[PDB]
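Colleague: What follows is structure01.cif, mmCIF, C-alpha atoms and all ligand atoms.
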data_protein
loop_
_atom_site.group_PDB
_atom_site.id
_atom_site.type_symbol
_atom_site.label_atom_id
_atom_site.label_comp_id
_atom_site.auth_asym_id
_atom_site.auth_seq_id
_atom_site.Cartn_x
_atom_site.Cartn_y
_atom_site.Cartn_z
ATOM 1 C CA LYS A 1 89.421 99.098 97.757
ATOM 2 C CA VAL A 2 85.732 99.620 98.531
ATOM 3 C CA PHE A 3 83.794 98.123 95.639
ATOM 4 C CA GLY A 4 80.498 99.335 94.370
ATOM 5 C CA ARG A 5 77.687 96.797 94.355
ATOM 6 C CA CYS A 6 77.562 96.365 90.589
ATOM 7 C CA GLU A 7 81.333 96.649 90.228
ATOM 8 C CA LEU A 8 81.742 93.719 92.612
ATOM 9 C CA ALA A 9 78.995 91.637 90.992
ATOM 10 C CA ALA A 10 80.775 91.887 87.635
ATOM 11 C CA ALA A 11 84.189 90.938 89.031
ATOM 12 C CA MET A 12 82.752 87.973 90.936
ATOM 13 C CA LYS A 13 80.973 86.790 87.791
ATOM 14 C CA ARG A 14 84.120 87.139 85.684
ATOM 15 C CA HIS A 15 85.941 84.937 88.217
ATOM 16 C CA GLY A 16 83.367 82.117 88.087
ATOM 17 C CA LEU A 17 81.132 82.592 91.144
ATOM 18 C CA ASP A 18 77.740 82.930 89.421
ATOM 19 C CA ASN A 19 75.922 79.662 90.226
ATOM 20 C CA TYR A 20 79.173 78.200 91.575
ATOM 21 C CA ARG A 21 78.180 75.022 93.459
ATOM 22 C CA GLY A 22 74.592 76.167 92.899
ATOM 23 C CA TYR A 23 74.807 79.618 94.538
ATOM 24 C CA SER A 24 73.576 82.436 92.333
ATOM 25 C CA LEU A 25 75.529 85.664 92.036
ATOM 26 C CA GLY A 26 73.215 87.526 94.417
ATOM 27 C CA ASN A 27 74.252 85.274 97.312
ATOM 28 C CA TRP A 28 77.943 86.155 96.976
ATOM 29 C CA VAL A 29 77.291 89.897 96.716
ATOM 30 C CA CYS A 30 74.974 89.804 99.736
ATOM 31 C CA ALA A 31 77.609 87.844 101.657
ATOM 32 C CA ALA A 32 80.327 90.350 100.770
ATOM 33 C CA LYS A 33 78.125 93.260 101.850
ATOM 34 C CA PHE A 34 77.548 91.901 105.350
ATOM 35 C CA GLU A 35 80.991 90.333 105.814
ATOM 36 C CA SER A 36 83.064 93.331 104.690
ATOM 37 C CA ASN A 37 80.800 96.127 103.410
ATOM 38 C CA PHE A 38 82.505 95.469 100.034
ATOM 39 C CA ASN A 39 85.896 96.529 101.457
ATOM 40 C CA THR A 40 88.865 94.474 100.268
ATOM 41 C CA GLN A 41 90.908 95.691 103.257
ATOM 42 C CA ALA A 42 88.504 94.496 105.971
ATOM 43 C CA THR A 43 90.107 92.586 108.841
ATOM 44 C CA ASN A 44 88.376 91.245 111.954
ATOM 45 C CA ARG A 45 89.944 89.369 114.849
ATOM 46 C CA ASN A 46 88.247 86.229 116.155
ATOM 47 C CA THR A 47 88.025 85.370 119.830
ATOM 48 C CA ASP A 48 90.180 82.262 119.297
ATOM 49 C CA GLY A 49 93.021 84.448 117.957
ATOM 50 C CA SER A 50 92.509 83.773 114.252
ATOM 51 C CA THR A 51 91.626 86.601 111.880
ATOM 52 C CA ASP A 52 89.152 87.075 109.010
ATOM 53 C CA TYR A 53 90.574 88.731 105.891
ATOM 54 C CA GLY A 54 89.191 90.532 102.920
ATOM 55 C CA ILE A 55 85.989 90.990 101.031
ATOM 56 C CA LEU A 56 84.660 87.580 102.136
ATOM 57 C CA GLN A 57 86.322 87.564 105.574
ATOM 58 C CA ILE A 58 88.276 84.355 105.017
ATOM 59 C CA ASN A 59 89.534 82.798 108.250
ATOM 60 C CA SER A 60 93.234 82.168 108.967
ATOM 61 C CA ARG A 61 92.311 79.219 111.216
ATOM 62 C CA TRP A 62 91.938 77.032 108.122
ATOM 63 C CA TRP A 63 92.516 78.814 104.849
ATOM 64 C CA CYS A 64 95.440 81.271 104.826
ATOM 65 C CA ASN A 65 98.728 81.971 106.627
ATOM 66 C CA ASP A 66 99.134 85.122 108.721
ATOM 67 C CA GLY A 67 101.999 83.793 110.856
ATOM 68 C CA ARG A 68 100.118 84.511 114.107
ATOM 69 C CA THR A 69 97.447 81.776 114.385
ATOM 70 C CA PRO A 70 99.110 78.903 116.274
ATOM 71 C CA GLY A 71 98.024 75.441 115.207
ATOM 72 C CA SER A 72 96.225 76.683 112.099
ATOM 73 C CA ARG A 73 96.240 75.373 108.553
ATOM 74 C CA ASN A 74 96.749 77.116 105.204
ATOM 75 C CA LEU A 75 94.445 75.170 102.880
ATOM 76 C CA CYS A 76 94.309 77.804 100.127
ATOM 77 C CA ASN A 77 98.128 78.021 100.386
ATOM 78 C CA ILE A 78 98.319 81.821 100.392
ATOM 79 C CA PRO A 79 99.363 84.599 102.735
ATOM 80 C CA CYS A 80 96.296 86.173 104.282
ATOM 81 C CA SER A 81 97.614 89.506 102.955
ATOM 82 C CA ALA A 82 96.829 88.307 99.428
ATOM 83 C CA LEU A 83 93.167 88.370 100.480
ATOM 84 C CA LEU A 84 93.369 92.148 101.034
ATOM 85 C CA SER A 85 94.406 93.318 97.567
ATOM 86 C CA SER A 86 92.183 95.366 95.279
ATOM 87 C CA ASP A 87 92.190 92.321 92.961
ATOM 88 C CA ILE A 88 89.710 89.793 94.364
ATOM 89 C CA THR A 89 91.126 86.810 92.449
ATOM 90 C CA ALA A 90 92.747 85.188 95.495
ATOM 91 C CA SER A 91 89.655 85.758 97.647
ATOM 92 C CA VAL A 92 87.404 84.219 94.988
ATOM 93 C CA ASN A 93 89.533 81.133 94.385
ATOM 94 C CA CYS A 94 89.787 80.510 98.124
ATOM 95 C CA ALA A 95 86.023 81.082 98.498
ATOM 96 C CA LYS A 96 85.460 78.351 95.909
ATOM 97 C CA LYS A 97 87.423 75.899 98.031
ATOM 98 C CA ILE A 98 85.576 76.977 101.193
ATOM 99 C CA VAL A 99 82.131 76.580 99.627
ATOM 100 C CA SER A 100 83.084 73.126 98.283
ATOM 101 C CA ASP A 101 84.069 71.747 101.707
ATOM 102 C CA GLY A 102 80.635 70.258 102.564
ATOM 103 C CA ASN A 103 78.666 73.061 104.227
ATOM 104 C CA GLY A 104 78.174 75.313 101.208
ATOM 105 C CA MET A 105 77.778 78.990 102.039
ATOM 106 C CA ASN A 106 76.965 78.235 105.680
ATOM 107 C CA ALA A 107 80.719 78.690 106.099
ATOM 108 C CA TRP A 108 79.879 82.427 106.149
ATOM 109 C CA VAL A 109 77.933 83.280 109.292
ATOM 110 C CA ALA A 110 76.676 86.545 107.811
ATOM 111 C CA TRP A 111 75.281 84.650 104.831
ATOM 112 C CA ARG A 112 73.432 82.143 107.003
ATOM 113 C CA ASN A 113 71.997 84.813 109.284
ATOM 114 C CA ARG A 114 71.346 87.693 106.857
ATOM 115 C CA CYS A 115 71.192 86.379 103.252
ATOM 116 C CA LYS A 116 69.997 82.752 103.327
ATOM 117 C CA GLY A 117 66.317 82.632 102.449
ATOM 118 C CA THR A 118 66.057 86.257 101.309
ATOM 119 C CA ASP A 119 65.606 87.822 97.876
ATOM 120 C CA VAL A 120 69.322 87.884 97.143
ATOM 121 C CA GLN A 121 68.685 88.728 93.472
ATOM 122 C CA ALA A 122 67.943 92.265 94.643
ATOM 123 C CA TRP A 123 71.673 92.651 95.272
ATOM 124 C CA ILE A 124 72.364 92.345 91.539
ATOM 125 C CA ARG A 125 69.230 94.142 90.341
ATOM 126 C CA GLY A 126 70.108 96.885 87.868
ATOM 127 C CA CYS A 127 73.702 95.822 87.241
ATOM 128 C CA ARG A 128 75.070 95.313 83.702
HETATM 129 K K K B 201 75.098 73.694 99.057
#
As structure tokens, how would this structure be written, given the file I've shared?

Modeller:
Amino acid sequence: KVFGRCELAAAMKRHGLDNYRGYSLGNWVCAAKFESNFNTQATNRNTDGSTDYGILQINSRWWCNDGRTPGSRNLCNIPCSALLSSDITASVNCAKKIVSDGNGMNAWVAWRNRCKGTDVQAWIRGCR
């Protein structure tokens, strides 16, 4: 599913991301835009052989099991395919564990390079 901007903001807020660990809702929407273009089905292979899954491009090296990343961990204890469903619940709950691991939203390269330090509130401007 390809979310709309305001559709995604509302679902992220319902699932507890607004100001989660201090990051306002606009940061998560901006991150999703540049990680996945709001597409729940986005997948992207990493040079080390791991894969990024879903709306927040969560990495199988540490967080989910795809059965094809040797020597990886599954810290969210889910199949990476759960991160691709139209329901973002699994992506959000795993994102919460990622952002709580010590580096905040710097875990998402797109956030550090394209959202950090910008007017991220614009991403939720106009939404109900
Ligand atoms: K932080």

Colleague: Could you give me, as a Markdown table, every chain A residue with an atom at most 10 Å from ligand K 201 (chain B), plus its closest atom pair and distance in Å to one decimal, counting all atoms listed in the file, rows ordered by chain then number?

Modeller:
| residue | atom | partner | partner_atom | distance |
| --- | --- | --- | --- | --- |
| A:20 | CA | B:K201 | K | 9.6 |
| A:21 | CA | B:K201 | K | 6.5 |
| A:22 | CA | B:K201 | K | 6.7 |
| A:23 | CA | B:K201 | K | 7.5 |
| A:99 | CA | B:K201 | K | 7.6 |
| A:100 | CA | B:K201 | K | 8.0 |
| A:101 | CA | B:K201 | K | 9.6 |
| A:102 | CA | B:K201 | K | 7.4 |
| A:103 | CA | B:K201 | K | 6.3 |
| A:104 | CA | B:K201 | K | 4.1 |
| A:105 | CA | B:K201 | K | 6.6 |
| A:106 | CA | B:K201 | K | 8.2 |

Colleague: Write a file of the just-selected residues containing C-alpha atoms, as a PDB file, in the frame of the given file.

Modeller:
ATOM      1  CA  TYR A  20      79.173  78.200  91.575  1.00  0.00           C
ATOM      2  CA  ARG A  21      78.180  75.022  93.459  1.00  0.00           C
ATOM      3  CA  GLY A  22      74.592  76.167  92.899  1.00  0.00           C
ATOM      4  CA  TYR A  23      74.807  79.618  94.538  1.00  0.00           C
ATOM      5  CA  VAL A  99      82.131  76.580  99.627  1.00  0.00           C
ATOM      6  CA  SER A 100      83.084  73.126  98.283  1.00  0.00           C
ATOM      7  CA  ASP A 101      84.069  71.747 101.707  1.00  0.00           C
ATOM      8  CA  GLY A 102      80.635  70.258 102.564  1.00  0.00           C
ATOM      9  CA  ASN A 103      78.666  73.061 104.227  1.00  0.00           C
ATOM     10  CA  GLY A 104      78.174  75.313 101.208  1.00  0.00           C
ATOM     11  CA  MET A 105      77.778  78.990 102.039  1.00  0.00           C
ATOM     12  CA  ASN A 106      76.965  78.235 105.680  1.00  0.00           C
TER      13      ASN A 106
END

Colleague: Which one is closest to residue A:28: A:16, A:79, A:49, A:70? Count all atoms listed in the file.

Modeller: A:16

Colleague: Could you check how far atom CA of residue A:86 sits from atom CA of residue A:108, in Å to one decimal?

Modeller: 20.9 Å

Colleague: Tell me which residues the PyMOL selection byres (((chain A and resi 5) around 10) and not hetatm) grabs here, as a VMD selection string.

Modeller: chain A and resid 2 to 4 6 to 10 29 to 30 32 to 33 37 to 38 123 to 127

Colleague: Using only C-alpha atoms, find the one residue out of A:95, A:122, A:25, A:11 that sits nearest to residue A:59.

Modeller: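 When distances to residue A:59 are compared using only C-alpha atoms, the smallest one comes from A:95.
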
Colleague: Measuring between only C-alpha atoms, which one of A:17, A:31, A:12, A:78 shows the shortest distance to residue A:113?

Modeller: A:31

Colleague: Would you work out the distance separating atom CA of residue A:93 from atom CA of residue A:50, expressed in Å to one decimal?

Modeller: 20.3 Å

Colleague: With only C-alpha atoms counted, which protein, DNA or RNA residues have an atom no more than 12 Å from (83.6, 92.7, 106.6) in the file frame? Please answer as JSON, numbers by chain.

Modeller: {"A": [2, 30, 31, 32, 33, 34, 35, 36, 37, 38, 39, 40, 41, 42, 43, 44, 45, 51, 52, 53, 54, 55, 56, 57, 58, 59, 84, 108, 109, 110, 111]}

Colleague: Would you compute, for all listed atoms of stretch 82-95 of chain A, the axis-aligned bounding box grown by 4 Å on each side, and then report its centre and edge lengths in Å rounded to one decimal, as JSON?

Modeller:
{"center_x": 91.4, "center_y": 87.9, "center_z": 96.7, "size_x": 18.8, "size_y": 22.9, "size_z": 16.6}

Colleague: Would you kindly translate the PyMOL selection byres (((chain A and resi 69) around 12) and not hetatm) into the concrete residues it picks from this file, as a VMD selection string?

Modeller: chain A and resid 45 to 52 59 to 68 70 to 74 80

Colleague: Could you check how far atom CA of residue A:96 sits from atom CA of residue A:114, in Å to one decimal?

Modeller: 20.2 Å

Colleague: Given all atoms listed in the file as the basis, pick out the residue of A:94, A:88, A:18, A:27 nearest to residue A:118.

Modeller: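 Between A:94, A:88, A:18, A:27, the residue approaching residue A:118 most closely is A:27.
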
Colleague: Go through A:13, A:19, A:87, A:26 one by one, measure the shortest atom-to-atom distance of each to residue A:117 using all atoms listed in the file, and give the residue with the smallest value.

Modeller: A:26
